[PDB]
file upload.txt (compact mmCIF, C-alpha atoms)
# COMPACT_ATOMS: atom_id res chain seq x y z
CA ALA A 1 17.32 -8.11 -4.20
CA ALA A 2 14.21 -9.65 -5.51
CA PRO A 3 11.88 -11.21 -4.40
CA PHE A 4 10.12 -8.06 -3.44
CA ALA B 1 -0.08 -2.22 -11.38
CA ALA B 2 2.23 -1.76 -8.47
CA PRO B 3 2.21 -2.15 -5.46
CA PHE B 4 3.57 -5.69 -5.77
CA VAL C 1 -4.99 22.99 7.56
CA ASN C 2 -4.13 19.54 6.20
CA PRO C 3 -7.30 18.62 4.23
CA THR C 4 -9.54 15.85 5.56
CA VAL C 5 -11.54 14.05 2.77
CA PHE C 6 -14.01 11.15 3.16
CA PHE C 7 -15.32 8.10 1.31
CA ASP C 8 -18.74 6.53 2.07
CA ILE C 9 -18.29 2.85 1.14
CA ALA C 10 -20.94 0.46 -0.12
CA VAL C 11 -20.74 -3.33 -0.77
CA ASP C 12 -23.10 -4.07 -3.72
CA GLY C 13 -25.10 -0.95 -2.98
CA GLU C 14 -25.48 -1.85 0.75
CA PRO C 15 -23.73 1.03 2.58
CA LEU C 16 -20.94 -0.07 4.80
CA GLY C 17 -19.44 3.08 6.38
CA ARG C 18 -17.31 6.21 6.03
CA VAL C 19 -13.51 6.38 6.04
CA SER C 20 -11.94 9.86 6.40
CA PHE C 21 -8.34 10.62 5.60
CA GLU C 22 -5.89 13.27 6.61
CA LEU C 23 -3.87 14.27 3.56
CA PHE C 24 -0.37 15.46 4.38
CA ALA C 25 -0.42 18.51 2.25
CA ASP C 26 2.46 20.13 4.20
CA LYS C 27 4.91 17.46 3.10
CA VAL C 28 3.38 16.28 -0.25
CA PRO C 29 1.29 19.25 -1.50
CA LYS C 30 0.93 18.25 -5.14
CA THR C 31 0.03 14.61 -4.41
CA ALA C 32 -2.38 15.62 -1.62
CA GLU C 33 -4.16 18.15 -3.91
CA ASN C 34 -4.63 15.55 -6.71
CA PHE C 35 -6.51 13.29 -4.27
CA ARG C 36 -8.48 16.19 -2.73
CA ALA C 37 -9.55 17.51 -6.15
CA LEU C 38 -10.65 14.06 -7.24
CA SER C 39 -12.58 13.54 -4.02
CA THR C 40 -14.63 16.67 -4.58
CA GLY C 41 -15.20 16.22 -8.28
CA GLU C 42 -14.42 19.90 -8.82
CA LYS C 43 -12.62 19.47 -12.08
CA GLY C 44 -15.56 17.39 -13.47
CA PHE C 45 -14.11 13.86 -12.91
CA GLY C 46 -13.11 11.95 -9.79
CA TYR C 47 -13.71 9.07 -7.44
CA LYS C 48 -17.50 9.00 -6.74
CA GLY C 49 -18.96 5.85 -8.23
CA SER C 50 -15.56 4.22 -8.77
CA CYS C 51 -14.70 0.91 -7.06
CA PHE C 52 -11.91 -0.75 -5.20
CA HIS C 53 -10.74 -3.27 -7.75
CA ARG C 54 -7.90 -5.03 -5.93
CA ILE C 55 -8.20 -6.04 -2.23
CA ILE C 56 -5.55 -8.39 -0.82
CA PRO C 57 -6.46 -9.04 2.82
CA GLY C 58 -3.60 -8.14 5.27
CA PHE C 59 -1.86 -6.03 2.62
CA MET C 60 -4.06 -3.29 1.07
CA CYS C 61 -7.24 -2.14 -0.65
CA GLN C 62 -6.52 -0.47 -4.04
CA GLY C 63 -8.91 1.78 -5.92
CA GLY C 64 -9.15 4.93 -8.01
CA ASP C 65 -9.37 3.72 -11.55
CA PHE C 66 -12.47 5.59 -12.53
CA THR C 67 -11.79 5.51 -16.28
CA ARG C 68 -11.17 1.83 -17.12
CA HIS C 69 -12.34 0.47 -13.75
CA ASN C 70 -10.06 -2.53 -13.94
CA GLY C 71 -6.75 -0.97 -12.88
CA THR C 72 -5.46 0.16 -16.24
CA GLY C 73 -6.83 3.70 -16.06
CA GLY C 74 -7.21 6.74 -13.88
CA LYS C 75 -5.96 10.25 -14.76
CA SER C 76 -4.76 12.95 -12.48
CA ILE C 77 -5.75 16.55 -12.38
CA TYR C 78 -2.48 17.56 -14.17
CA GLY C 79 -2.90 15.56 -17.37
CA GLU C 80 -2.83 11.76 -17.06
CA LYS C 81 0.33 11.01 -14.97
CA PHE C 82 2.78 12.99 -12.75
CA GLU C 83 6.12 12.63 -11.03
CA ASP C 84 6.93 11.14 -7.68
CA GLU C 85 6.94 14.20 -5.58
CA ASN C 86 9.09 12.80 -2.77
CA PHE C 87 9.46 9.90 -0.34
CA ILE C 88 9.64 11.59 3.01
CA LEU C 89 6.88 9.49 4.49
CA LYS C 90 7.24 5.76 4.97
CA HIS C 91 4.59 2.99 4.94
CA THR C 92 4.81 2.62 8.69
CA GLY C 93 1.52 0.78 9.50
CA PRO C 94 -2.19 0.09 8.81
CA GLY C 95 -3.87 3.31 7.72
CA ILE C 96 -1.30 4.65 5.25
CA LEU C 97 -2.86 6.09 2.16
CA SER C 98 -0.32 5.74 -0.64
CA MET C 99 -0.12 6.16 -4.48
CA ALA C 100 -0.22 3.18 -6.83
CA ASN C 101 1.79 3.44 -10.05
CA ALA C 102 3.41 1.55 -12.86
CA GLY C 103 7.03 2.39 -11.95
CA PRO C 104 8.64 5.85 -11.17
CA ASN C 105 6.72 9.00 -12.09
CA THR C 106 3.55 7.31 -13.30
CA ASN C 107 1.17 8.67 -10.66
CA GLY C 108 -2.38 9.12 -11.98
CA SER C 109 -5.30 8.55 -9.67
CA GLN C 110 -5.01 5.06 -8.24
CA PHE C 111 -4.29 4.82 -4.55
CA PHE C 112 -4.10 2.06 -1.95
CA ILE C 113 -4.82 1.98 1.74
CA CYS C 114 -2.46 -0.26 3.73
CA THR C 115 -3.97 -2.71 6.18
CA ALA C 116 -0.47 -3.87 7.21
CA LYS C 117 2.95 -2.26 7.63
CA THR C 118 4.47 -2.57 4.18
CA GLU C 119 8.07 -1.38 4.55
CA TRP C 120 9.11 -3.04 1.25
CA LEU C 121 7.22 -0.36 -0.65
CA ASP C 122 9.06 2.66 0.87
CA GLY C 123 10.83 4.65 -1.81
CA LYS C 124 8.73 3.12 -4.51
CA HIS C 125 5.22 4.57 -3.76
CA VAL C 126 4.50 8.11 -2.53
CA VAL C 127 2.78 8.10 0.88
CA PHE C 128 0.57 11.18 1.30
CA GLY C 129 -2.18 10.42 3.88
CA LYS C 130 -3.67 8.27 6.66
CA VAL C 131 -7.07 6.99 7.75
CA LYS C 132 -8.21 9.50 10.32
CA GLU C 133 -11.50 7.65 11.14
CA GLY C 134 -13.13 4.46 9.80
CA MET C 135 -10.15 2.13 9.81
CA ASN C 136 -12.47 -0.80 10.80
CA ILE C 137 -14.45 -0.15 7.67
CA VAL C 138 -11.15 -0.57 5.72
CA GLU C 139 -10.68 -3.81 7.65
CA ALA C 140 -14.31 -4.96 7.02
CA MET C 141 -13.63 -4.38 3.27
CA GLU C 142 -10.86 -7.02 3.38
CA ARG C 143 -13.56 -9.64 3.81
CA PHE C 144 -14.46 -9.24 0.15
CA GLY C 145 -10.90 -9.59 -1.40
CA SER C 146 -8.47 -12.57 -2.13
CA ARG C 147 -4.78 -13.70 -2.15
CA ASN C 148 -4.65 -12.40 -5.74
CA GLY C 149 -6.81 -9.32 -5.15
CA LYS C 150 -10.06 -10.06 -6.97
CA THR C 151 -13.06 -8.90 -4.90
CA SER C 152 -16.14 -11.10 -4.46
CA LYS C 153 -18.78 -8.31 -4.20
CA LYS C 154 -18.74 -4.83 -5.92
CA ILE C 155 -17.08 -2.39 -3.38
CA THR C 156 -17.79 1.26 -4.34
CA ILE C 157 -17.06 4.74 -3.23
CA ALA C 158 -20.70 5.72 -3.02
CA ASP C 159 -19.95 9.40 -2.20
CA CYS C 160 -16.84 11.43 -1.37
CA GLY C 161 -16.03 14.98 -0.46
CA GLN C 162 -13.93 17.27 1.72
CA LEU C 163 -14.71 17.73 5.45
CA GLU C 164 -12.11 20.37 6.33
CA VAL D 1 15.80 -39.53 -11.47
CA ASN D 2 15.23 -36.05 -9.79
CA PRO D 3 18.26 -35.26 -7.51
CA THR D 4 17.86 -34.67 -3.80
CA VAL D 5 20.20 -32.46 -1.83
CA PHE D 6 20.33 -31.59 1.85
CA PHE D 7 21.49 -28.68 4.02
CA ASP D 8 22.50 -29.15 7.68
CA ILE D 9 21.54 -25.79 9.12
CA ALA D 10 23.39 -24.10 12.05
CA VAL D 11 22.47 -20.99 14.19
CA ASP D 12 25.79 -19.43 15.33
CA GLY D 13 27.43 -22.85 15.19
CA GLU D 14 24.79 -24.79 17.23
CA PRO D 15 23.34 -27.51 14.93
CA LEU D 16 19.71 -27.03 14.20
CA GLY D 17 18.39 -29.71 11.78
CA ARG D 18 18.53 -30.94 8.16
CA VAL D 19 16.40 -29.63 5.32
CA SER D 20 16.44 -31.84 2.16
CA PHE D 21 15.16 -30.73 -1.27
CA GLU D 22 13.86 -32.54 -4.32
CA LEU D 23 15.10 -30.62 -7.39
CA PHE D 24 12.72 -30.74 -10.34
CA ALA D 25 15.35 -31.54 -12.93
CA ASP D 26 12.75 -33.03 -15.22
CA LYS D 27 11.18 -29.55 -15.85
CA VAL D 28 13.88 -27.00 -14.89
CA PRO D 29 17.11 -29.01 -15.62
CA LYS D 30 19.69 -26.33 -15.95
CA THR D 31 18.40 -24.52 -12.80
CA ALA D 32 18.30 -27.79 -10.84
CA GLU D 33 21.88 -28.78 -11.98
CA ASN D 34 23.26 -25.41 -10.79
CA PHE D 35 21.76 -25.83 -7.28
CA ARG D 36 22.86 -29.48 -7.23
CA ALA D 37 26.44 -28.76 -8.25
CA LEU D 38 26.72 -25.78 -5.84
CA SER D 39 25.50 -27.97 -3.01
CA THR D 40 28.12 -30.72 -3.70
CA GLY D 41 30.86 -28.14 -4.21
CA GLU D 42 32.15 -30.37 -7.02
CA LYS D 43 32.96 -27.35 -9.27
CA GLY D 44 35.23 -25.89 -6.53
CA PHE D 45 32.84 -23.31 -5.02
CA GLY D 46 29.46 -23.42 -3.30
CA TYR D 47 26.93 -23.13 -0.50
CA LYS D 48 28.75 -24.92 2.35
CA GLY D 49 29.42 -22.23 4.96
CA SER D 50 27.27 -19.56 3.42
CA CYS D 51 24.38 -18.13 5.45
CA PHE D 52 20.79 -17.02 4.99
CA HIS D 53 21.28 -13.31 4.80
CA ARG D 54 17.61 -12.25 4.58
CA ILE D 55 14.78 -14.07 6.48
CA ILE D 56 11.32 -12.54 6.48
CA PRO D 57 8.82 -14.33 8.71
CA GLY D 58 5.81 -15.50 6.73
CA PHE D 59 7.36 -14.87 3.35
CA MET D 60 10.70 -16.63 2.79
CA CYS D 61 14.29 -17.40 3.84
CA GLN D 62 16.94 -16.27 1.26
CA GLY D 63 20.51 -17.37 1.05
CA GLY D 64 23.16 -18.49 -1.36
CA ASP D 65 25.44 -15.44 -1.59
CA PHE D 66 28.69 -17.25 -1.14
CA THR D 67 30.90 -14.49 -2.63
CA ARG D 68 29.76 -11.29 -0.85
CA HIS D 69 27.55 -12.80 1.88
CA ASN D 70 24.90 -10.05 1.69
CA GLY D 71 22.73 -10.44 -1.39
CA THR D 72 25.00 -8.48 -3.75
CA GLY D 73 26.94 -11.49 -5.05
CA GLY D 74 27.00 -15.20 -5.74
CA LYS D 75 27.76 -16.89 -9.11
CA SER D 76 26.39 -19.82 -11.09
CA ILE D 77 28.22 -22.88 -12.44
CA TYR D 78 27.74 -21.40 -15.96
CA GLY D 79 29.32 -18.01 -15.23
CA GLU D 80 28.02 -15.27 -12.93
CA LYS D 81 24.44 -15.21 -14.29
CA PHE D 82 22.12 -17.16 -16.67
CA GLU D 83 18.69 -17.09 -18.25
CA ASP D 84 15.32 -17.74 -16.70
CA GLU D 85 14.93 -21.27 -17.79
CA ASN D 86 11.17 -21.31 -17.80
CA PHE D 87 8.19 -20.66 -15.57
CA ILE D 88 6.33 -23.98 -15.66
CA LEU D 89 6.11 -24.38 -11.85
CA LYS D 90 4.41 -21.80 -9.63
CA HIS D 91 4.81 -20.64 -6.05
CA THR D 92 2.05 -22.76 -4.55
CA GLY D 93 2.91 -22.95 -0.91
CA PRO D 94 5.51 -23.33 1.84
CA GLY D 95 8.55 -25.36 0.99
CA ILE D 96 8.79 -24.20 -2.65
CA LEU D 97 12.39 -23.41 -3.58
CA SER D 98 12.67 -20.64 -6.06
CA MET D 99 15.50 -18.59 -7.63
CA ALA D 100 16.24 -15.06 -6.46
CA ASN D 101 17.31 -12.60 -9.10
CA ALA D 102 17.86 -8.94 -9.86
CA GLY D 103 15.26 -8.79 -12.59
CA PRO D 104 14.91 -11.23 -15.58
CA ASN D 105 17.77 -13.47 -16.82
CA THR D 106 19.96 -12.63 -13.84
CA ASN D 107 19.97 -16.01 -11.98
CA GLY D 108 23.20 -16.79 -10.10
CA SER D 109 23.22 -18.77 -6.92
CA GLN D 110 20.76 -17.04 -4.60
CA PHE D 111 17.60 -18.95 -3.88
CA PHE D 112 14.78 -18.50 -1.37
CA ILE D 113 12.60 -21.07 0.42
CA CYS D 114 9.02 -19.88 0.68
CA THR D 115 7.22 -20.27 4.05
CA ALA D 116 3.89 -19.16 2.58
CA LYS D 117 2.05 -19.12 -0.72
CA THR D 118 3.53 -16.31 -2.71
CA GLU D 119 1.59 -16.20 -6.00
CA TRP D 120 2.78 -12.61 -6.70
CA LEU D 121 6.20 -14.03 -7.51
CA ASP D 122 4.90 -16.22 -10.28
CA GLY D 123 6.28 -15.49 -13.66
CA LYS D 124 9.14 -13.51 -12.09
CA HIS D 125 11.35 -16.12 -10.27
CA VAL D 126 12.03 -19.61 -11.62
CA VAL D 127 10.73 -22.34 -9.19
CA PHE D 128 12.95 -25.46 -9.40
CA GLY D 129 12.54 -27.59 -6.23
CA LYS D 130 10.59 -28.11 -2.95
CA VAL D 131 11.45 -29.12 0.63
CA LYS D 132 11.17 -32.88 1.01
CA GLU D 133 12.14 -33.41 4.72
CA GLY D 134 12.71 -30.53 7.28
CA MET D 135 10.02 -27.85 6.85
CA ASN D 136 9.73 -27.28 10.60
CA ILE D 137 13.52 -26.56 10.50
CA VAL D 138 12.73 -23.87 7.88
CA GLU D 139 9.85 -22.61 10.07
CA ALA D 140 12.01 -22.45 13.22
CA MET D 141 14.58 -20.42 11.19
CA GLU D 142 11.97 -17.68 10.76
CA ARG D 143 12.33 -16.69 14.33
CA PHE D 144 15.83 -15.46 13.78
CA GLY D 145 14.74 -12.97 10.99
CA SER D 146 12.72 -9.69 10.86
CA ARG D 147 10.16 -7.65 8.77
CA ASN D 148 13.01 -6.12 6.74
CA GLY D 149 15.00 -9.33 6.50
CA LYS D 150 17.86 -8.64 8.82
CA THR D 151 18.56 -11.78 10.88
CA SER D 152 19.48 -11.71 14.56
CA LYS D 153 21.97 -14.59 14.65
CA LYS D 154 24.20 -16.01 11.92
CA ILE D 155 22.21 -18.89 10.19
CA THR D 156 24.59 -21.09 8.12
CA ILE D 157 24.55 -23.95 5.76
CA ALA D 158 26.94 -25.99 7.97
CA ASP D 159 27.21 -28.81 5.42
CA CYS D 160 25.32 -29.70 2.23
CA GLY D 161 25.54 -32.36 -0.43
CA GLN D 162 23.63 -34.78 -2.58
CA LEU D 163 21.70 -37.69 -1.06
CA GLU D 164 20.24 -39.20 -4.18

call {"tool": "encode", "arguments": {"input": "upload.txt", "output": "structure tokens"}}
result
Amino acid sequence: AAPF
Amino acid sequence: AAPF
Amino acid sequence: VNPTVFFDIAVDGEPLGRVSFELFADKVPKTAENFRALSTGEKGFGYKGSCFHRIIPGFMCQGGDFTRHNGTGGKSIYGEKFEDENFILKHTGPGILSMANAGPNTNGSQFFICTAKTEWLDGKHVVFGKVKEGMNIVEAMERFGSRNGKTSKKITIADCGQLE
Amino acid sequence: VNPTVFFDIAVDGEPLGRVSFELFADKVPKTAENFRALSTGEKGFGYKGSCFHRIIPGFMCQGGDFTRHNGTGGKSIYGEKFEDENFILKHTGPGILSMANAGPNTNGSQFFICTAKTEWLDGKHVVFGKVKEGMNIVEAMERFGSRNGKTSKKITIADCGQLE
């Protein structure tokens, strides 16, 4: 999911 | 600290 | 009905201009009141004289730490830090006034004003307002920030209050 | 000494160009071996025929989910996940190849290629390689993505392997  |  | 508050901005004491915000009290009443109360100084503490400590051009201007002034402080009108009221409003564009935090339910006083559409933040920061007038002042402010957020000049909220 | 791997990229089956990567095995060896081995497919599973599921113009291209094809999966050559090896290298500019994760010590096979300087990611995603040849192929890929990441066409790793 990251990177944000 | 956020928002990133 | 929705409050309109204002900030008169100054770059190292040289006054830049006024920004005025509409606070969406009808959808986020507790978050909107925190910001209104701190803009008027009616509880004895608030934004006047505080600075924007983190400006990242094309992202946002962040301010509101009036206790430690570096981004590790602020306190709300309910006793240091409150819960994320809700996430009805999205970070749809430049202008969005939203709450900074250190994770869920850590809202104190620090806020940021988006200069870009920052959809990755939705659901993580409470949106509660919008620049009603003075958005070019918020843009002119970006001139004094950096990739990492440090400002080059001291950007302060010289005065603030409620208009309606 | 440091391995070099390539990816022949495809947009809905039309060949688009080759990106080749230098993996910094002399500083991040276990991270670099996992991307090298997944590119060759020598351990039985890998990147060949996986796609970039999330492309955000001006930030990065992310891919590597070969098990679920949407960012919820992927696995490493050491098991499904492993530690953050170290944070010696930083996100200094376009072309840096860094590991995606779901918080600390959750590295699997997802990676992202930066198309801008993303210093906010430093200390949170292990950097282990950089584009050697092909950065305009990474740049052209941006056009098939969106603000939220959703891509408009299927962008695949048509073939990949080790060069040196």

call {"tool": "residues_around", "arguments": {"input": "upload.txt", "residues": "segment 59-76 of chain C", "least_positions_apart": "6", "cutoff": "7 Å", "atoms": "all atoms listed in the file", "output": "VMD selection string"}}
result
(chain B and resid 1) or (chain C and resid 34 46 to 47 50 to 53 108 to 116)

call {"tool": "write_last_selection", "arguments": {"input": "upload.txt", "atoms": "C-alpha atoms", "output": "mmCIF file, in the frame of the given file"}}
result
data_model
loop_
_atom_site.group_PDB
_atom_site.id
_atom_site.type_symbol
_atom_site.label_atom_id
_atom_site.label_comp_id
_atom_site.auth_asym_id
_atom_site.auth_seq_id
_atom_site.Cartn_x
_atom_site.Cartn_y
_atom_site.Cartn_z
ATOM 1 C CA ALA B 1 -0.080 -2.220 -11.380
ATOM 2 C CA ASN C 34 -4.630 15.550 -6.710
ATOM 3 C CA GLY C 46 -13.110 11.950 -9.790
ATOM 4 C CA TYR C 47 -13.710 9.070 -7.440
ATOM 5 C CA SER C 50 -15.560 4.220 -8.770
ATOM 6 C CA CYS C 51 -14.700 0.910 -7.060
ATOM 7 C CA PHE C 52 -11.910 -0.750 -5.200
ATOM 8 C CA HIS C 53 -10.740 -3.270 -7.750
ATOM 9 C CA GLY C 108 -2.380 9.120 -11.980
ATOM 10 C CA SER C 109 -5.300 8.550 -9.670
ATOM 11 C CA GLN C 110 -5.010 5.060 -8.240
ATOM 12 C CA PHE C 111 -4.290 4.820 -4.550
ATOM 13 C CA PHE C 112 -4.100 2.060 -1.950
ATOM 14 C CA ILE C 113 -4.820 1.980 1.740
ATOM 15 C CA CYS C 114 -2.460 -0.260 3.730
ATOM 16 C CA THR C 115 -3.970 -2.710 6.180
ATOM 17 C CA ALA C 116 -0.470 -3.870 7.210
#

call {"tool": "residues_around", "arguments": {"input": "upload.txt", "residues": "residue 151 of chain C", "least_positions_apart": "6", "cutoff": "8 Å", "atoms": "only C-alpha atoms", "output": "ChimeraX atom specification"}}
result
/C:53-55,144-145

call {"tool": "write_last_selection", "arguments": {"input": "upload.txt", "atoms": "C-alpha atoms", "output": "compact mmCIF listing (two decimals), in the coordinates of the input"}}
result
# COMPACT_ATOMS: atom_id res chain seq x y z
CA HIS C 53 -10.74 -3.27 -7.75
CA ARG C 54 -7.90 -5.03 -5.93
CA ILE C 55 -8.20 -6.04 -2.23
CA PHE C 144 -14.46 -9.24 0.15
CA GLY C 145 -10.90 -9.59 -1.40

call {"tool": "atom_distance", "arguments": {"input": "upload.txt", "atom1": "atom CA of residue 14 of chain C", "atom2": "atom CA of residue 37 of chain C"}}
result
26.0 Å

call {"tool": "closest_atom_pairs", "arguments": {"input": "upload.txt", "of": "chain D", "to": "chain B", "cutoff": "12 Å", "atoms": "all atoms listed in the file", "output": "Markdown table"}}
result
| residue | atom | partner | partner_atom | distance |
| --- | --- | --- | --- | --- |
| D:118 | CA | B:4 | CA | 11.1 |
| D:119 | CA | B:4 | CA | 10.7 |
| D:120 | CA | B:4 | CA | 7.0 |
| D:121 | CA | B:4 | CA | 8.9 |
| D:122 | CA | B:4 | CA | 11.5 |
| D:124 | CA | B:4 | CA | 11.5 |

call {"tool": "axis_aligned_box", "arguments": {"input": "upload.txt", "around": "segment 54-62 of chain C", "padding_each_side": "6 Å", "output": "AutoDock Vina command-line options"}}
result
--center_x -5.0 --center_y -4.8 --center_z -0.3 --size_x 18.3 --size_y 20.6 --size_z 23.2

call {"tool": "closest_residue", "arguments": {"input": "upload.txt", "among": "D:9, D:56, D:88, D:152", "to": "chain C", "atoms": "only C-alpha atoms"}}
result
D:56

call {"tool": "closest_residue", "arguments": {"input": "upload.txt", "among": "D:19, D:107, D:100, D:148", "to": "chain C", "atoms": "all atoms listed in the file"}}
result
D:148

call {"tool": "atom_distance", "arguments": {"input": "upload.txt", "atom1": "atom CA of residue 164 of chain D", "atom2": "atom CA of residue 5 of chain D"}}
result
7.1 Å

call {"tool": "closest_residue", "arguments": {"input": "upload.txt", "among": "C:143, C:27, C:117, C:132", "to": "chain D", "atoms": "only C-alpha atoms"}}
result
C:117

call {"tool": "atom_distance", "arguments": {"input": "upload.txt", "atom1": "atom CA of residue 11 of chain C", "atom2": "atom CA of residue 43 of chain C"}}
result
26.7 Å
